[PDB]
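One structure below.
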Amino acid sequence: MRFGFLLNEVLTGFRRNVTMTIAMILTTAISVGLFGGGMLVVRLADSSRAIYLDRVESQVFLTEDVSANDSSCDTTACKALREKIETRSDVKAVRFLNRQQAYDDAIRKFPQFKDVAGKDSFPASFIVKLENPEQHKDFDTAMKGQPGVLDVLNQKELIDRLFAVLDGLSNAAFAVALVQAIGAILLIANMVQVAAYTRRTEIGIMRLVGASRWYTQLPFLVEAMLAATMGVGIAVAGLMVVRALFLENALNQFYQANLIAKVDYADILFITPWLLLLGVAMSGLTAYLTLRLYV
Amino acid sequence: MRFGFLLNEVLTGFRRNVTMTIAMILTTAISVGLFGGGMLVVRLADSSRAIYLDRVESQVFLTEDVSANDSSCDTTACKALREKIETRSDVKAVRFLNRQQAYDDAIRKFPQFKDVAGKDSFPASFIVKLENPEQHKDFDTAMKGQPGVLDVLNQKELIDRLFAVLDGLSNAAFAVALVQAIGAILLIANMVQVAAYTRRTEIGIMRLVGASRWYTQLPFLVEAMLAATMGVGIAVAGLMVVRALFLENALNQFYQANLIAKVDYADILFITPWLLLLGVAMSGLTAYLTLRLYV
Amino acid sequence: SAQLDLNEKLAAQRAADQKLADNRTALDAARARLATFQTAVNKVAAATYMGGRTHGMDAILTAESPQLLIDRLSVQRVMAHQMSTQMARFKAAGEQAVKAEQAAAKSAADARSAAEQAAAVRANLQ
Amino acid sequence: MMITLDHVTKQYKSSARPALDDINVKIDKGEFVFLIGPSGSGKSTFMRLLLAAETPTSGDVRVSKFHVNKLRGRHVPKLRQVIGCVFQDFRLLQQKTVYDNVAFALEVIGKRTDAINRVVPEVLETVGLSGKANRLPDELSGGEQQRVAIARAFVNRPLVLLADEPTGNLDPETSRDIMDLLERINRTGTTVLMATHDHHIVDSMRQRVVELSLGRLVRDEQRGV
Amino acid sequence: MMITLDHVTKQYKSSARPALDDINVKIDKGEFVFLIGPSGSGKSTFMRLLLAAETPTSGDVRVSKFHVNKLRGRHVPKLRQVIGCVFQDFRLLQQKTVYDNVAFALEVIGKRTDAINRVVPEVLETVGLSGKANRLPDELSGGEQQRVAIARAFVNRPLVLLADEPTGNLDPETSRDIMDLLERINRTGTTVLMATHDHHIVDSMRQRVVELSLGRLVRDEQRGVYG
Ligand SMILES: Nc1ncnc2c1ncn2[C@@H]1O[C@H](COP(=O)(O)OP(=O)(O)O)[C@@H](O)[C@H]1O
Ligand SMILES: Nc1ncnc2c1ncn2[C@@H]1O[C@H](COP(=O)(O)OP(=O)(O)O)[C@@H](O)[C@H]1O
Numbered sequence: 001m002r003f004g005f006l007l008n009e010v011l012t013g014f015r016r017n018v019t020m021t022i023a024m025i026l027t028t029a030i031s032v033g034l035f036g037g038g039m040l041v042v043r044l045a046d047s048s049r050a051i052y053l054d055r056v057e058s059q060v061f062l063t064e065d066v067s068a069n070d071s072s073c074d075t076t077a078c079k080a081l082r083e084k085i086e087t088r089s090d091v092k093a094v095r096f097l098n099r100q101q102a103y104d105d106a107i108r109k110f111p112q113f114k115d116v117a118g119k120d121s122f123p124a125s126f127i128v129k130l131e132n133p134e135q136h137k138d139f140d141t142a143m144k145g146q147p148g149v150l151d152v153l154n155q156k157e158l159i160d161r162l163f164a165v166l167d168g169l170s171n172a173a174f175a176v177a178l179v180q181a182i183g184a185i186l187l188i189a190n191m192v193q194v195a196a197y198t199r200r201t202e203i204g205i206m207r208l209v210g211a212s213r214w215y216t217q218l219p220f221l222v223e224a225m226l227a228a229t230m231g232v233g234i235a236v237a238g239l240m241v242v243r244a245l246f247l248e249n250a251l252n253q254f255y256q257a258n259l260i261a262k263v264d265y266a267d268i269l270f271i272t273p274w275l276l277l278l279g280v281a282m283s284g285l286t287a288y289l290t291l292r293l294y295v
Numbered sequence: 001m002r003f004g005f006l007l008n009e010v011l012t013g014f015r016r017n018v019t020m021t022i023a024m025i026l027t028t029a030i031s032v033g034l035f036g037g038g039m040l041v042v043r044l045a046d047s048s049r050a051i052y053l054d055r056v057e058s059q060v061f062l063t064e065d066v067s068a069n070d071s072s073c074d075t076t077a078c079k080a081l082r083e084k085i086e087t088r089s090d091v092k093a094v095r096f097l098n099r100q101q102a103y104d105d106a107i108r109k110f111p112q113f114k115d116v117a118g119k120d121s122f123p124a125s126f127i128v129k130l131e132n133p134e135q136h137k138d139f140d141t142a143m144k145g146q147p148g149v150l151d152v153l154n155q156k157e158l159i160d161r162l163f164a165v166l167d168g169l170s171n172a173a174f175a176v177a178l179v180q181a182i183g184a185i186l187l188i189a190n191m192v193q194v195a196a197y198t199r200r201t202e203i204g205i206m207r208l209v210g211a212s213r214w215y216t217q218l219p220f221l222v223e224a225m226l227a228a229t230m231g232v233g234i235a236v237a238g239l240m241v242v243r244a245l246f247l248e249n250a251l252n253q254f255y256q257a258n259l260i261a262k263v264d265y266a267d268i269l270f271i272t273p274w275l276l277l278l279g280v281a282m283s284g285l286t287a288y289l290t291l292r293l294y295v
Numbered sequence: 063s064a065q066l067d068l069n070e071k072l073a074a075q076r077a078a079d080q081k082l083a084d085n086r087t088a089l090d091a092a093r094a095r096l097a098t099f100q101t102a103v104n105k106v107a108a109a110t111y112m113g114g115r116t117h118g119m120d121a122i123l124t125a126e127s128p129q130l131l132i133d134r135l136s137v138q139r140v141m142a143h144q145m146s147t148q149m150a151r152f153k154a155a156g157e158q159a160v161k162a163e164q165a166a167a168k169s170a171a172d173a174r175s176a177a178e179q180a181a182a183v184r185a186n187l188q
Numbered sequence: 001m002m003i004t005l006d007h008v009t010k011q012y013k014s015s016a017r018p019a020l021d022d023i024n025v026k027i028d029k030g031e032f033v034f035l036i037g038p039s040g041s042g043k044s045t046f047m048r049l050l051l052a053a054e055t056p057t058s059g060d061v062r063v064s065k066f067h068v069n070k071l072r073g074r075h076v077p078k079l080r081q082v083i084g085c086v087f088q089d090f091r092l093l094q095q096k097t098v099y100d101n102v103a104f105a106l107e108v109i110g111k112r113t114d115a116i117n118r119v120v121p122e123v124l125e126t127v128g129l130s131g132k133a134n135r136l137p138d139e140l141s142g143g144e145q146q147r148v149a150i151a152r153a154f155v156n157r158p159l160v161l162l163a164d165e166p167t168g169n170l171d172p173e174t175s176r177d178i179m180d181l182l183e184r185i186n187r188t189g190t191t192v193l194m195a196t197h198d199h200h201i202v203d204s205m206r207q208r209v210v211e212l213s214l215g216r217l218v219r220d221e222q223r224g225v
Numbered sequence: 001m002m003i004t005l006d007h008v009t010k011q012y013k014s015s016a017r018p019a020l021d022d023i024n025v026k027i028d029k030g031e032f033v034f035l036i037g038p039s040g041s042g043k044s045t046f047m048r049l050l051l052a053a054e055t056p057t058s059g060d061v062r063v064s065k066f067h068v069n070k071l072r073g074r075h076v077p078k079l080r081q082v083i084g085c086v087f088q089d090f091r092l093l094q095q096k097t098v099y100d101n102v103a104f105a106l107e108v109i110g111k112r113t114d115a116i117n118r119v120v121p122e123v124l125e126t127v128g129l130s131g132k133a134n135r136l137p138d139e140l141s142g143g144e145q146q147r148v149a150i151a152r153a154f155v156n157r158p159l160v161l162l163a164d165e166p167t168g169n170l171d172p173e174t175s176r177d178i179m180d181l182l183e184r185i186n187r188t189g190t191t192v193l194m195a196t197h198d199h200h201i202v203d204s205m206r207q208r209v210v211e212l213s214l215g216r217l218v219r220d221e222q223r224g225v226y227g
């Protein structure tokens, strides 16, 4: 029935003991915050995959006169340079990117390329993929900075070290979020145990009056739900608190330094309904499984 | 005394509270492991500076009017810098690199830029060898904007904000540990009340039998400190497994780049006598204060 | 009288003609200066191409020796200072194509005005 | 119309008494049935068996409505509304008042609230706890907590109301002061079960007597002392 | 000086009738004085007053071998060794048997191990229900759970061995032996007392019967009966 006569006893229930009832909120906030840290570094990897290049990638440049002109590859020289690149078997996903379709994706990956970009913005590139990271050293030897094919770039072999840092810290964040989730699920598991221990006077009365079996555990469930909302209400604020605490040394300076793609509060805020729904779901299920085998 | 009797009821307390003790003994490990990881990363942060602390240099960069005019040093403005900079406490030897000399140094360091890279690339270098790295504050606050010197911007203290991004997360680990600390003292302080309901059948006889007050709460006191000792014992193994599972590849890739002083089992176990006594102190003092107030 | 009112201004006319003539041989210096400067600012976007990868913050993506990466940042921050001052050095030459180049045209118009004035006054003799 | 059970045993550990090996009791409408004997006969287990919190390993359980031997859990509390009983510590919330403690059951079963608050003084003015019932029961004397205990069984319309452990740590003079309140509620028609442990009561009332001796009928004559 | 209490007063939450007043009553060894006061009034105050658990706001309280009106840091269990009380309920440990339950009060003082095992074949036979010394407290019946509850207070021979309402949920046709074993402790030489609304039964012994109605003593007969 109406929740007005059900809300008036739960506040008294938090009022009787205060030295135990406040501890759970910060622990669930820490668990949710580290899990959201893992989510935000996964989304950071997803955003940084767009600006950077993946682990099957080794691009190549072309000769200056060939790259500075010859937009249509119907001529002899563009096909000759393309076949010179395609002599080896490493060519898999070369793209027809030259000049007019090469300005927009290249002004966003680096900020100082947009400076004085009116004259000689970007020549022909023809970015190509790779299947063998251990066997393209001779390919880079043939396609080195010798006159002809210009200098190349390889986003691996002590170059993708930031990716190897971030996925490892993402997995470490996943592991510590798992052990915080285990601690959280056991502490809100024995929440109802110590609550029924501290409120054992009326339990036999509720078994005596003959009320419905669904309605007996409803105050404990609404205390679990309001405790979950109290946890997530400071969990969504502690991320901003630690950002404004210890992100001002960098903030957006990695955008000009081209380390990360983007950072903004809305990217973290995109994950909040999923984490609060999973939090109230885990709170409800451990309420139900603990009440099933105790009374 | 009768120390042999104390070992048979601790297993009874463990078995009677099997679904209760496990969450707090698991989360005290994470509580001390956050502090241990923070101490490890600040030790790595101020040990990684030692790869350049032995070779701390400095410089004086002079205004382009007396560098683009003359290659070598044949002006009275350059001859004034032979004596007006050498009258300092932190000077070893001055070296006058030309625009050509430092330009060729920059070219052989990295083949970067074509049009602007030349005589007008950057002014000439007056390298000043620093005596002590700890007195860089007096170095960069002793000389200011003066005629003949365009900037007193340093060149060797500048790695410090490059690991300020590591420092920020290093202090953020301490901040996370201190945020979880309030909940940690709460979850160790409510143990004397959430376990008193189980031992209701035995606590009532010491209140009139003649048992000493120093021996009554001692079985209640020993549980918290044994829990804290096994918590730090499983916490150091957790640091071992997160170092050996999720902190090996990036550590090896940066140690091959020799930017770090590297950690091993012995380095992490070096701090451990401090954190074990810190953990047993924050167990024992809180457990000793909560027994008088709770009971 | 009116015949005698000639030689007092041939000196000023020759001075005006020589002031036009040497300024015609002095206006070429600004266009020669921009003809020296504009080649270093036209394909500098191609000079930072070929994977330049150095920008004055990290200098850490490649490493062989700790000593050899010090000048990868200590010179690159001075490069950042120089590309900050490069726009000022470009505009200090671009202002010469905006300021103090119409003075030759103004002097030519003033010389034509003096020529028609001298043609107007000389009707007292002729 | 016949509310009894027979051959109903639980057998926790058997030993001295496997609950109730053989019973042949009978409860009538308005029947006052005594229950005394030794301490180990298994009285409170049989009291829990009538409210069906103890699993009947043998026999079938039914009190005047339906067989509760094999019933689904949603229909388990559908018999417990007409069942009342009292205990030693009274299960009283010290923060609540006397009227709040009895109206808590009325507001937690869930009815029309305008038909709940109006009928609280309609049935609360029967015991001596009416008057100064807005105060906390901690400062009150020892004679009025049993009124609050029987009030929450008095407010509904009972059929299987019961009285187990009726006196406890209470004086014989106050017992004679409370027997009459416990008997006047039986004049409506609802029977009650007398489950004391004293022999000073059997001569005083002279009603139906059932005595158990470790699961066996010690004495059963249903008349007189 | 032996046990004397007077002028006790402990009012809680502005109680109108705290049942502690200026009763200058004197107790003695030998005759055991039984309180017949009203229920729910004052019977629990005697144990907490005599064991210095509920200190009165006024009135100096004296015991035989110590001081009750003033305590210190280490004197708070000093009286508790030579006295003993048994409550109504059993509170036995189901983790140990009956033989180990009576020895649980031996190690809490700091007794040496030479006399720990040297007294358990000396006091267990003094109890009427000596038992099999291997009985579970849960398995045993409700008749014998209180005699083993008072046996553990007997093992040190305390000077005070009172017990409030020793029957509990026990029939009086079986509780007579439990009542009749108390005079063994009484002619041991100690002081015993019990406060129970048990009229028409204790008048057979015709012992000292007192009553405290509202903090007022209405009877002080040395060998009287129930009023
Ligand atoms: N869960 C149980 N496990 C073992 N024995 C039990 C259990 N419940 C009841 N008993 C036994 O049944 C008997 C019930 O006695 P009971 O008539 O309830 O005593 P009283 O009337 O004084 O409460 C007890 O002696 C006890 O030993
Ligand atoms: N410090 C105190 N705080 C609250 N209540 C007290 C205190 N001291 C005594 N009382 C009350 O005094 C009453 C004494 O009644 P008593 O006859 O001892 O009850 P019982 O017959 O149940 O033992 C108790 O009900 C108790 O609530």
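Residue numbers (the entry's author numbering), protein chains in the order written: chain C, 1 to 295; chain D, 1 to 295; chain E, 63 to 188; chain B, 1 to 225; chain A, 1 to 227.
Backbone N, C-alpha and C fix where the C-beta goes; we use that ideal spot for every residue, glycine too.
Q | Contact between the segment 216 to 235 of chain C and the segment 146 to 161 of chain D (3+ Cβ pairs under 8 Å) | A | The answer is no - the segment 146 to 161 of chain D does not touch the segment 216 to 235 of chain C, with fewer than three Cβ pairs under 8 Å.
Q) For residue 169 of chain B and chain A, any beta-carbon pair shorter than 9 Å? A) At a cut-off of 9 Å, the C-beta of residue 169 of chain B has a neighbouring C-beta in chain A.
Q. Counting only beta-carbon atoms, is residue 240 of chain D nearer than 9 Å to chain A?
A. No, residue 240 of chain D does not count as interfacial toward chain A.
Q: Sort B/43, B/96 and B/94 by Cα distance to residue 142 of chain A and report the nearest one.
A: Residue 142 of chain A has its Cα closest to that of B/43, out of B/43, B/96 and B/94.
Q.
Are there any heavy atoms of ligand 1 lying less than 8 Å away from the beta-carbon of residue 58 of chain A, as far as the coordinates show?
A. No, since every heavy atom of ligand 1 falls outside the 8 Å radius drawn around the Cβ of residue 58 of chain A.
Q.
Against chain C, with Cβ distances strictly below 9 Å, would residue 104 of chain B count as a contact?
A. Chain C places a beta carbon closer than 9 Å to that of residue 104 of chain B, counting this residue as a contact.
Q | Contact check, residue 35 of chain A vs residue 160 of chain A, beta carbons under 9 Å | A | Not closer than 9 Å, so no.
(Q) Is residue 279 of chain C near ligand 1 - that is, is its Cβ less than 8 Å away from at least one heavy atom of it? (A) Residue 279 of chain C: no, Cβ never under 8 Å from ligand 1.
Q: Let me have the residue list for ligand 4: C-beta closer than 6 Å to any non-hydrogen atom, ordered along the chain.
A: Of the ligands this structure carries, namely ligand 1 and ligand 2, none is ligand 4.
Q) Interface residues of chain C around residue 74 of chain B at Cβ under 9 Å? A) For residue 74 of chain B, the chain C residues whose Cβ falls inside 9 Å of its Cβ are 212, 213 and 214, in order along the chain.
Q | Per DSSP, cross-strand counterpart(s) of residue 139 of chain A | A | Paired residues: none, contrary to the question.
Q: Sort A/216, A/220 and A/212 by Cα distance to residue 206 of chain A and report the nearest one.
A: Considering only alpha carbons, the answer is A/220.
Q.
At the level of alpha carbons, what is the spacing between residue 200 of chain D and residue 151 of chain A?
A. The straight-line gap from Cα to Cα measures roughly 20 Å.
Q.
Going by C-alpha to C-alpha distance, which of A/217, A/76, A/124 and A/144 sits closest to residue 177 of chain A?
A. Considering only alpha carbons, the answer is A/144.
Q. Is it true that the CB of residue 106 of chain E sits closer than 9 Å to the CB of residue 179 of chain C?
A. Judged by their CB atoms, residue 179 of chain C and residue 106 of chain E are not nearer to each other than the 9 Å cut-off.
Q. What residues from the segment 117 to 144 of chain E come within 8 Å of chain C, judged by C-beta to C-beta, listed N to C?
A. If the cut-off is 8 Å between Cβ atoms, the segment 117 to 144 of chain E has 117, 119, 120, 123, 124 and 125 near chain C.
Q. Comparing the CB of residue 19 of chain A with every heavy atom of ligand 2, is any distance shorter than 8 Å?
A. Taking the Cβ of residue 19 of chain A as the reference point, at least one heavy atom of ligand 2 falls within a distance shorter than 8 Å.
Q. Tell me which same chain residues have a C-beta within less than 8 Å of the C-beta of residue 24 of chain A, skipping the five on either side of it?
A. Within the same chain, residue 24 of chain A has close Cβ partners 6 and 7.
Q: Please confirm whether any heavy atom of ligand 2 lies closer than 8 Å to the CB of residue 89 of chain A.
A: Not one heavy atom of ligand 2 sits closer than 8 Å to the Cβ of residue 89 of chain A.
Q: Sort C/204, C/19, C/71 and C/57 by Cα distance to residue 157 of chain C and report the nearest one.
A: Measuring from the Cα of residue 157 of chain C, the nearest candidate turns out to be C/57.
(Q) Let me check understanding here. Comparing Cα to Cα, which of C/186, C/167 and C/286 lies closest to residue 43 of chain C? (A) Considering only alpha carbons, the answer is C/167.
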